[PDB]
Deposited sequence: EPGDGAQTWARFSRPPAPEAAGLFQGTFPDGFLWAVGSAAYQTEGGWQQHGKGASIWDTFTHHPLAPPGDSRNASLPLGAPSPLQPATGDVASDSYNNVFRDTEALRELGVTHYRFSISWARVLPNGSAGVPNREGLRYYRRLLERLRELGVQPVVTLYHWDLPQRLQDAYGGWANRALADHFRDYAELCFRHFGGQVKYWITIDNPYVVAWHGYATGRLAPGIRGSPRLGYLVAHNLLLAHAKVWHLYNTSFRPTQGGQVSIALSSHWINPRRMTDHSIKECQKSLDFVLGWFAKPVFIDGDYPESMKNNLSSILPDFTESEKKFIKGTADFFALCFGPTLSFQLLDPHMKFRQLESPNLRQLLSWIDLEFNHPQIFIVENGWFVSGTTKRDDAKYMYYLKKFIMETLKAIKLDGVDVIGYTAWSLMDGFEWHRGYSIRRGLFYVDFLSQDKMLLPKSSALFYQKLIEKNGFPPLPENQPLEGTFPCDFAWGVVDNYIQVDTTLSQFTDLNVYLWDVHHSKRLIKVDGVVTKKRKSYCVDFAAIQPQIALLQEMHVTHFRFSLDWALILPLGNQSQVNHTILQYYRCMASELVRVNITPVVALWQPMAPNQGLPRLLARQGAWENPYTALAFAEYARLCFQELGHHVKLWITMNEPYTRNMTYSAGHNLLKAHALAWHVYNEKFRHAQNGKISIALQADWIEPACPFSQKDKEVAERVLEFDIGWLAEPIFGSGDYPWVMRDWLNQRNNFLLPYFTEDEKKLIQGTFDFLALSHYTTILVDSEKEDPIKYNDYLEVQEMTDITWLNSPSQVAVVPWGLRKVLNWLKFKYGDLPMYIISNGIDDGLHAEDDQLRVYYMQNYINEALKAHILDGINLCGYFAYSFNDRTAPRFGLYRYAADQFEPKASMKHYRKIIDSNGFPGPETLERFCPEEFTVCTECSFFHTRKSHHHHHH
């Protein structure tokens, strides 16, 4: 039944749960299928070899490189199988050219040489354990069937699609269980003819496009009704139709807007799917808007085409998603590359048929050849949304396919676009195939039957170690208002309430001659009261986000940090906080997470010297009088390699890390000098301005740390190869990118439960064993109807993974902290929303309450 598909937009406009939206678990059921796709003109190549016929794409290549110099795959059977053997995929998807055996204008003499290759390939796949998913038509047309017949506009070409089908089953035998008749009819019909961007035609009114699609639709009718009358008795496989569709989201979620969106699918998906599953008639939407330029069915052929399919085959990728697609049936609507909310629409619309995706993938630029980091994570979110569909949607998905096993030609963007699973160079006479990152991920996906629970992924029971530090973070506290915090902090069971002082406000001019003691006595009273209610707060001095970098106006216009003297200026302020506020503090932070990519190198040497002078003073003059521990807090956003099995990502992983974490840590934590990798990189590229450490200065920096205040907000990726000339750092040879399969914030801040684990272990390996902290970790709001969805997963899994280091590996911990307990001082980040000039506990507050009072998961 039709019309019922309008519910899928509202059904998936409100995600029932982030766990369903994330789906970090689950496995595919027994019998689920896997295959890898390829195109006829993308990879095969050659047009006189062994008797191959000419193609329309040959003419299109001359005047809009060429498919005559493709990756030499027409007679070798071990080149692709070697890629198949590594993949180990149970099925393989490809296409057969129309002109290979019948290039004549009347289906002339078949060429046995082309048959011998495909018989060889079919026999090879059986031995390895691979079965084919073949398509008899992939955007190709014979030349001699074009000039005489004048393109797909003529009806007689549908007859030529039938006799060729008579040999498709016979020549390839009965082994081929699955079949696709025509792939992506829409782009062949409209963009193939009307716009002329594709192989045939030079220009055409939309009048030709509707007729061409109509003839192609009957071509499906021609090929099915042959199968059930001549082949199925000696068979039992299924033949289906693949339709290319793109999801559409409403602009304003309006009844007429969703009607347009529902109508929009009908011009792309319902153009052929409507009369092949449900009733054999064209959609009523076209009959209204399109007056008479759309050909209509007759009564005899309406029944001839009704229900001519067994399962729905689906298409996605760069074919018509944010790519070649006519603006007219866009209906001024946005595009979204989603599978979970499109697979449901097909299941409800067409009376619940089985689904088998035939073409799906994404593309990378032509410059990248080794690390196709873009294609890996685009591919994985696709295999996410099928698992979300089978489990959380009830739609039966029988298999999945990955596009572009081998690189080829994109038919409109030239060779500037690469998509193959295995990269082949353009300067090789042998066209040797090499493994890629995507193939490695696909290698470790089938043998695991999906994404089964893992010891790291599966939560592990544990108990919190005693004397575990706690507290919330507010580094923008405004200096009358003491009571609301302590009342809220006491309910929070805080032990070390983390905050700062806003040093710029501490000293109006940066000198001790004058100072406003009103804000100085603010901290003394609040810290002492916190001790009465059992809080020993965390103190911070300097902040990275400030117009003047936290320095007064006088101290900001004269080399704010480049001045050698301003280190002494920070030194007097160090005594200022220690001489009065040091009695009620046990845990100290001086440089609260400086940003480590914009800050100048030359002034960076100053910052490392400032801590050394500051740490010595409190140690040799105040540590004995008042006991305490003083160390530093550094930005430690984990840099995970994009491909875990790629060595090049590993070396560049430290370079961004070392300039971020090691630049302000190696002089402090390590031997006392800069990391080796950052010293060589400056020397190798003949670019250097970073000063060295003198012998007297080296001993100052080293050893001035007691604890380690790791900061971890997210887990960003690293990429060595340049992808775009805008967001790839030439100086570091590092491309920043974020995995999008993760639960992403509305501000595009990812959540990674395992990201805290690796950085926790990594810092111990370089800097030895020491009492480590986690000083900064938090997430924003999200899903603005119940703001607990992203945070019920954030803090539950982050702290659980944090204890996994203690139980499994053995990295020592002493405290865990949460960021921005309120939203007034941190937009979008708050736990207590600032609504109606009041702070209220968002339901995740109980979630954070339970773990704190219970002190970890209650063990057996």
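Q: List in ascending order the stretches of the deposited sequence, numbered from 1, that lack C-alpha coordinates.
A: According to the record, the gaps fall at 65 to 86, 502 to 542, 924 to 954.
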